[PDB]
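J.: Give me a model of this one.
(2 chains)
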Protein chains: 2
Amino acid sequence: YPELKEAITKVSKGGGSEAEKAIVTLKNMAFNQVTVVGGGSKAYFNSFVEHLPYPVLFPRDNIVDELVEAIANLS
Amino acid sequence: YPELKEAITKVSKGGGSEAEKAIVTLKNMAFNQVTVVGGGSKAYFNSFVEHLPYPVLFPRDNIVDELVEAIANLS
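T.: Residues are numbered from 1 along each chain as shown, chains lettered A, B, ... in the order given. Coordinates below:
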């Protein structure tokens, strides 16, 4: 949830919707099974793309475009 | 492919036939399985045979002709 600190400020100062209170109360747990991530883009879908690691044994070189262009030109 | 520099020069200037263009395009794939020979007359069958050695015990002499001649000699 990107709006993490905002919810904390709202509850401390008063107000906030039911979702903010729920996330605040369920986030206070100090357990390793719950992870807290905050940021302007870390919680967004964009940051999730780069988090995926490449396999150790899977080849990393890209040779698909070469095959496609070879097929297009020669064939 | 006996003569490669000449064909490269010809195609670069804008000439060349369909076969030369096709082979040049085929050879332009960045793979380790591409092998090119420019030995000229060495690509001929005679040169390939001459370069190869033969086993000492391998049967290369002709004996059928001699046996046939000996058989025909009998009267």
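J.: So which other helices or strands are in contact with whichever strand or helix holds residue A:72?
T.: Using DSSP states H and E, residue A:72 sits in helix A:64-74. With contacts taken as 3 or more C-beta pairs under 8 Å, 6 or more residues apart in numbering or on different chains; DSSP states H and E, helix A:64-74 sits against helix B:18-27. No exception for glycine: its C-beta is placed from N, CA and C like everyone else's.
J.: what's in contact with the helix it packs on?
T.: For helix B:18-27, contacts defined as C-beta atoms under 8 Å, 6 or more residues apart in numbering or on different chains pick out A:70, A:73-74, B:1, B:7-8, B:10-11, B:16, B:34, B:36.
J.: Mind listing what's buried along that helix?
T.: B:20, B:23-24 (16 or more other C-beta atoms under 10 Å in any protein chain shown).
J.: residues from chain A in reach of chain B?
T.: Selection of chain A residues close to chain B by C-beta under 8 Å from any C-beta of the partner chain yields A:63, A:66, A:70, A:73-74.
J.: can I have the helix holding residue A:72 written out in PDB, keeping just the CAs?
T.: Output of helix A:64-74 as PDB, limited to C-alpha atoms (Å, rounded to 0.1, in the frame of the first residue of the first chain):
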ATOM      1  CA  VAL A  64      15.500 -14.100 -30.900                       C
ATOM      2  CA  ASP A  65      15.500 -10.800 -32.900                       C
ATOM      3  CA  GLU A  66      18.400 -12.200 -35.000                       C
ATOM      4  CA  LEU A  67      16.400 -15.300 -35.900                       C
ATOM      5  CA  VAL A  68      13.300 -13.200 -36.700                       C
ATOM      6  CA  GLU A  69      15.200 -10.800 -38.900                       C
ATOM      7  CA  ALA A  70      17.000 -13.700 -40.600                       C
ATOM      8  CA  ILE A  71      13.700 -15.400 -41.400                       C
ATOM      9  CA  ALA A  72      12.200 -12.100 -42.600                       C
ATOM     10  CA  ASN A  73      15.200 -11.300 -44.900                       C
ATOM     11  CA  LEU A  74      16.400 -14.700 -46.300                       C
END
